[PDB]
Amino acid sequence: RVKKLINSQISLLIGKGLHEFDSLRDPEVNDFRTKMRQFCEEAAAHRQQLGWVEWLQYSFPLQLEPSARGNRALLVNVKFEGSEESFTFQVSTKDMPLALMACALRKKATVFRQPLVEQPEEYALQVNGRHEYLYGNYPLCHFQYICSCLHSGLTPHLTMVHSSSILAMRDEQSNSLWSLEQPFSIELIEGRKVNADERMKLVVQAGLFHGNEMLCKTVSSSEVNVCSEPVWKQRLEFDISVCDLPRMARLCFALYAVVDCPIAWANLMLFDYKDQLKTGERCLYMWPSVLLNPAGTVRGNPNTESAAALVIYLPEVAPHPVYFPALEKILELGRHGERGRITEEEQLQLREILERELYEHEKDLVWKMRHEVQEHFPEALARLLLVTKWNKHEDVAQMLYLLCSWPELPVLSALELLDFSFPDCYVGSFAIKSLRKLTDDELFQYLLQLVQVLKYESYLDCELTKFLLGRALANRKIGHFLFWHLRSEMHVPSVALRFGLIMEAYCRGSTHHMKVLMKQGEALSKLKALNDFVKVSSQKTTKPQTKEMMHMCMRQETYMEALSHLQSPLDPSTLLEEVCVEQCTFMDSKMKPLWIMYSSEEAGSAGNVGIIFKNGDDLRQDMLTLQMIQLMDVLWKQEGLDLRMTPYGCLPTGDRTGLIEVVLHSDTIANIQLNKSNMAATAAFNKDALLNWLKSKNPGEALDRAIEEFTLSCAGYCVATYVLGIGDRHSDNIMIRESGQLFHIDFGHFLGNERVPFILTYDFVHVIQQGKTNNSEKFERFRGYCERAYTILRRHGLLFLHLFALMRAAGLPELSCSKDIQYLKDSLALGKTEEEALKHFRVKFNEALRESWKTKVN
Ligand SMILES: COc1ncc(-c2cc(-c3ncc(CN4C[C@@H](C)O[C@@H](C)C4)o3)c3cn[nH]c3c2)cc1NS(C)(=O)=O
């Protein structure tokens, strides 16, 4: 009964019935399902037996300040679970949670006149009405929650949770090739269901690829007249022996009409998932184009009824099955050869290119010196993997002999190896091996890219999937975001099977978390139906009329139940308790997004949270932009610079659907600049508006801190939008917080899409200068923040480039070519010394001040 129940709940949550994986009768899907179910159920068993602190590390992973992972006194209100009563203690920032625990326990002993059996060690500190905890040996200032409280001046509210109450949570949450010298060849039989102009002819272009690099030149078929069912029945002979074909070789096709006109493409892996070379007839269910697409999926289009179908024939090269030689035979072949006997002058020339795109002779020097590359320049592995002739088996074996004895490389170097430019399974396997040392916070930071890399994968059962599942089942937040990255792409036919299969495997490993996520999905189901109603309604009547009707709809028990008592998909730590129907509304833009507010008596002031549900637009690019700004913030803070950034949440959840985090106490620059009457912010000059509003919100001494907050966030956003090429910036997509904090919203365009200049808006220069026409003391202190922030990002120039290259797998239109990646290389001026790039930045900063000074004049 329960086995049947779990499957039906998995089918509903993943957004595809489990029976549909079975109907494929594909042994690759069936072997993935049994192997990963077993792998996931082991993690489940390991977890259900963890210690109580180890359970806190899984369920409530520490949220530490970027400064700690690698005095000033304060009031903290502490209480005990089974009591409404609480005590406020004066503590220090330098103090550990345990000192506060033993403190909380002394006052409870005096209040109850009993010398308490318990020790501070037995308890943990929960943030009031949040799935957040404060434990480990870290001062209060090192926790993201205490640090936050110190800037908004607020008192931290904590609850003492006993070890027995945590274990209660743990318990309630239970579950031979190299002797085939003949040239490679296929028989292109015919084409099916093709749709093209009857005037033209159909040509099939096939190509053999090892990622982006061609194994041999391309070949085109004979020009056969346009008709629905074209016929060829001709041999295609490639310029490569069947002995020379690498394990990860993909045969690519491109059907196209000509008098050029793309129609469809399709790719397949020449070797199956059991290392066996493929034989027999092959029907290719084609994907529609807009010619050769090597990066595209190697699985056929699921829509067999409408899609084009080319019939090929991989012939029997031998009378018995042929497998790719095992590692033991590979390492034995590559074990033989001559080392690099190079003179001091060529060793200097080698050091020049290995520390530096290179000429043909320069690739010959890397290859000869492949042992000195391994020995003295191991971090130059990727450059050596690029010089390898992946169309020669002896060359691949010599290379794969060095890779098996290659020392582990840093996380930075491992991320580059994950690229499609490195298609070898042993190279990919080596990348995950060097990525294991990634901490949970770093893995969280790069989890979006690692999920997109799943789209480059040639087979279902892979190291990257087992790695992502392993880390996801060891950490409930990683698991949370892994699920939503997969769930949000189920509508895309090319990944739906892969992604469907990963979530099922996850769900097997966490039955309780599937139930938690089903609750998020039920809430998002209601929000879609309500948002649709608002779209239709706003077209038929006034905003108060639609708002009231949204409120009536929300007040239905079905809605009240589905929309309340959940974990936020934006942040699993945030609990969305009682839905505040009176505060819910909708935005007046094209997609009419929903503004949903929540309150929690258990969480108090911190439990006033809201989420925005937006349906109609792809939100993935916003998310990427936001994650990139957040990374900058993390990087700046690791160098001691806090630019008071607002890296608010944005998470795609489904088809052109997702969530945006509400920042309360903020309004857009435009709304403030409206300069309305009978308000505190009303101005004598419109340039006074932002400043007047910062004054109204910040009385007395407080105003100076708001001007500083503005200056810091501004400098951070001026740099963030310049490096990322964020354009279409106006007063409607620029916001200000009551604390003085400036931040940007709605990122529709990045990376030029051409050559976006640095912008200094005189409205924000007027606040920086404290309303003074000239204030060089304050203006140049802001230029210093821009510079420092700019020169810190350049030091991690290789990281953003490594991350943005991986994001090319996402299929975002503004991230589709090397022109987009080049944009970042120019914005960070990576091909320059720190001096040159700085002088250049100043040229562009002064170019922006001259442009700002246009308004200043009037
Ligand atoms: C990807 O697109 C977006 N990305 C972000 C936001 C957005 C937009 C806002 C926002 N825009 C205006 C206001 C302030 N208003 C909100 C209104 C409900 O109540 C007023 C008191 C102040 O807040 C916001 C506030 N916190 N978080 C926010 C996020 C909106 C959108 N979509 S859009 C431009 O609304 O179509």
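Going left to right, the sequence shown walks through residues 108 to 177, 187 to 291, 315 to 398, 415 to 445, 452 to 517, 522 to 918, 928 to 1032 as the deposited numbering numbers them.
Yeah, the Cβ is synthetic: ideal placement off N, Cα and C, and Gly gets one too.
Practice problem: Check the DSSP bridge columns for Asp-832 and list the partner residues they point to. | Solution: Per the DSSP secondary-structure output, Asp-832 pairs in a beta bridge with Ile-901.
Quiz prompt | Own chain, CB closer than 8 Å to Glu-525, minus 5 neighbours either side, in chain order | solution = none
Exercise. Would you check if the distance between the CB atom of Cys-815 and the CB atom of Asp-787 is smaller than 7 Å?
Key: Between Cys-815 and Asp-787, the C-beta gap is smaller than 7 Å, which places the two residues in contact.
Exercise. Check whether the stretch 216-236 touches the stretch 836-855, counting contact only when three or more Cβ pairs, one atom from each stretch, lie closer than 8 Å.
Key: Under the Cβ criterion (8 Å, minimum of three pairs), the stretch 216-236 does not count as touching the stretch 836-855.
Practice problem: Check whether the stretch 455-475 touches the stretch 675-687, taking contact to mean three or more Cβ pairs, one atom from each stretch, closer than 8 Å. | Solution: Taking 8 Å as the limit for Cβ pairs, the verdict is that the stretch 675-687 does not touch the stretch 455-475.
Exercise. Compute the minimum distance between the beta carbon of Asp-753 and the heavy atoms of ligand 1, and state whether it is under 6 Å.
Key: no
Quiz item: Given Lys-1018, which residues of its chain have a CB within under 6 Å of its CB, disregarding the five upstream and five downstream residues?
Solution: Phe-932
Quiz item: Using a threshold of 6 Å, is the CB atom of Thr-790 nearer than that to any non-hydrogen atom of ligand 1?
Solution: no
Quiz item: When you compare only the Cα positions, how much space is there between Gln-206 and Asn-193?
Solution: The C-alpha of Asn-193 is placed about 9 Å away from the C-alpha of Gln-206.
Quiz item: For ligand 1, is there a heavy atom less than 6 Å away from the beta-carbon of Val-192?
Solution: no
Quiz prompt | Close beta carbons around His-656, own chain, < 6 Å, minus the five adjacent residues each side | solution = Here the set comprises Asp-820.
Self-check item: For residue 518, three-class secondary structure by DSSP
Solution: Here the chain breaks off after 517 and picks up again at 522, leaving residue 518 without coordinates.
Quiz prompt | Closest Cα partner of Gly-781 within the set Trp-801, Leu-796, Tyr-763 and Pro-758 | solution = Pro-758
Quiz item: Under a Cβ-count criterion, where at least 16 other Cβ atoms within 10 Å of its own Cβ denotes burial, should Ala-871 be classed as buried or exposed?
Solution: buried
Quiz item: Where does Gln-156 fall in DSSP's three states?
Solution: coil
Quiz prompt | Nearest to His-536 (by Cα), restricted to the options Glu-505, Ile-514 and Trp-571 | solution = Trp-571
Practice problem: Could you tell me if residue 81 is buried or exposed, where buried requires 16 or more neighbouring beta carbons within 10 angstroms of its beta carbon? | Solution: The shown model of the chain, from 108 to 1032, leaves out residue 81, and the question about it has no answer.
Quiz prompt | C-alpha distance - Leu-577 paired with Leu-973, whole-angstrom precision | solution = Cα-Cα distance, rounded: 7 Å.
Exercise. Tell me, please, whether the stretch 141-150 touches the stretch 672-680 by the rule of three or more beta-carbon pairs shorter than 8 Å.
Key: yes
Quiz item: Should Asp-787 be counted as a contact of ligand 1 given a C-beta to heavy atom distance under 6 Å?
Solution: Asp-787 Cβ: within cutoff of ligand 1.
Self-check item: Given 8 Å, three or more beta-carbon pairs between the stretch 263-274 and the stretch 121-140
Solution: no
Quiz item: Is there at least one non-hydrogen atom of ligand 1 closer than 6 Å to the beta-carbon of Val-828?
Solution: Because some heavy atom of ligand 1 lies under 6 Å away, the Cβ of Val-828 counts as near it: yes.
Quiz item: Who are the near neighbours of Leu-977 in its chain, counting only those whose CB is closer than 6 Å to its CB and skipping five residues on each side?
Solution: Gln-614
Quiz item: If we call anything under 7 Å between Cβ atoms a contact, is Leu-492 one with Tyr-566?
Solution: Contact: yes.
Quiz prompt | Beta-carbon gap between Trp-420 and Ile-282 smaller than 7 Å | solution = no
Quiz prompt | Among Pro-543, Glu-540, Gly-635 and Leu-550, the one whose alpha carbon lies nearest that of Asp-529 | solution = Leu-550
Self-check item: CA-to-CA distance, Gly-346 to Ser-765, given in whole angstroms
Solution: 60 Å
Quiz prompt | Span of the alpha helix (DSSP H), counted from its first residue to its last, around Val-592 | solution = 590-600
Quiz item: Do the CB positions of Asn-836 and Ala-846 come within less than 7 Å of each other?
Solution: Against a cut-off of 7 Å, the Cβ pair of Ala-846 and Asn-836 comes out as no contact.
Quiz item: To which residues of the same chain is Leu-241 closer than 6 Å at the C-beta, ignoring the five residues directly before and after it?
Solution: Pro-213, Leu-250 and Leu-274
Quiz item: Short check: CB of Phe-646 to CB of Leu-612, under 7 Å?
Solution: Between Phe-646 and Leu-612, the gap from beta carbon to beta carbon is short of 7 Å.
Exercise. Taking 7 Å as the cut-off, decide whether the C-beta atoms of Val-363 and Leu-375 are in contact.
Key: no
Exercise. Spatial neighbours of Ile-995 within its chain, please: CB distance less than 7 Å, with the 5 preceding and 5 following residues excluded, ordered by chain position.
Key: Excluding its 5 nearest sequence neighbours in each direction, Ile-995 has C-beta neighbours in its own chain below 7 Å: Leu-975, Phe-978 and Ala-979, listed in chain order.
Practice problem: Hey, could you find the ends of the alpha helix (DSSP H) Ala-639 is sitting in? | Solution: 628-639
Practice problem: Report yes if the CB atom of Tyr-813 is closer than 7 Å to the CB atom of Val-828, and no otherwise. | Solution: yes
Quiz prompt | Spatial neighbours of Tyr-484 in its chain, beta-carbon cut-off 7 Å, leaving aside the 5 residues before and after | solution = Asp-430 and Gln-431
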